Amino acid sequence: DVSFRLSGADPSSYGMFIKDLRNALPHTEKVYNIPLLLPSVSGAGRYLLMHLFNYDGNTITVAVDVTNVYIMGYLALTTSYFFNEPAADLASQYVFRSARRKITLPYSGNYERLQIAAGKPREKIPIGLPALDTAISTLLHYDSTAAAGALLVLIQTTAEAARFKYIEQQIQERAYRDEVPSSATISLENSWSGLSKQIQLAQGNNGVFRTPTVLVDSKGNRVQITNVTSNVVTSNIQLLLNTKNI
């Protein structure tokens, strides 16, 4: 298990948590020095439990599929909540089994679904450590509309930060003040599977992408990533979705 406490949190302790999160994900290879997530894990070992504590010390446990980072559901007091999707129902067979009741959320875990439920795109949802504190609090008491927005915050401040060093730094900058994610942040989130695939296709292609990945940069400019010498590959991305799962 990995843990993060919002009480007394700072860029350092958050950095420690994201490091722990990455280190809890199993790999047997690195591709271009980046850990390659496993094709599959069987049984309960497939799911990492993240223990998150809001400022007041209240807690949720979040279940994360270790092969893809995907958060399937969470436990709040004695109630479990899972996304409305086959992978999450499968997760419900292994985690939070001692919960008194199980609620299936009325949406899948997809942005194309969470943004609809929340009533807003995540370009307009501020993220940061204060937002994460809020998200935890929201998820403690069931409210499906509010939970959608909370989950958008949760996903980006945990999973997306684990995958991209840039996103981790974005959140560290938002330690004490929330701000909507940069265009670059959104771009990276949307491109993770694409980038993972192309970095893997590059291993037999002299480090060259079979298909270029288009990203927005930090200055707000749109750029083509064509090979492994790009800063996104050498410095930014921290985890690769296995092509078996793409």
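Note that residue numbering begins at 1 and tracks the sequence as displayed.
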Where do the C-alpha atoms have the higher mean temperature factor in this entry, in 20-28 or in 221-229?
221-229
Which of 82-90 and 143-151 has higher mean CA B factor, as the PDB entry lists it:
82-90
Given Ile136, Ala99, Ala175, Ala159, identify the residue with the highest C-alpha B factor in the PDB entry.
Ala99
Entry record, C-alpha B-factors for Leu105, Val95, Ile167, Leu132; the maximum is at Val95
Quick tally, chain-level thirds of C-alpha B-factors: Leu239 sits in the lowest
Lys124's Cα B-factor: lowest, middle or highest third of the chain?
middle
Quick one: classify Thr211 as lowest, middle or highest third of the chain based on its Cα B-factor.
highest
Relative C-alpha B-factor of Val64, binned into the chain's lowest, middle or highest third:
lowest
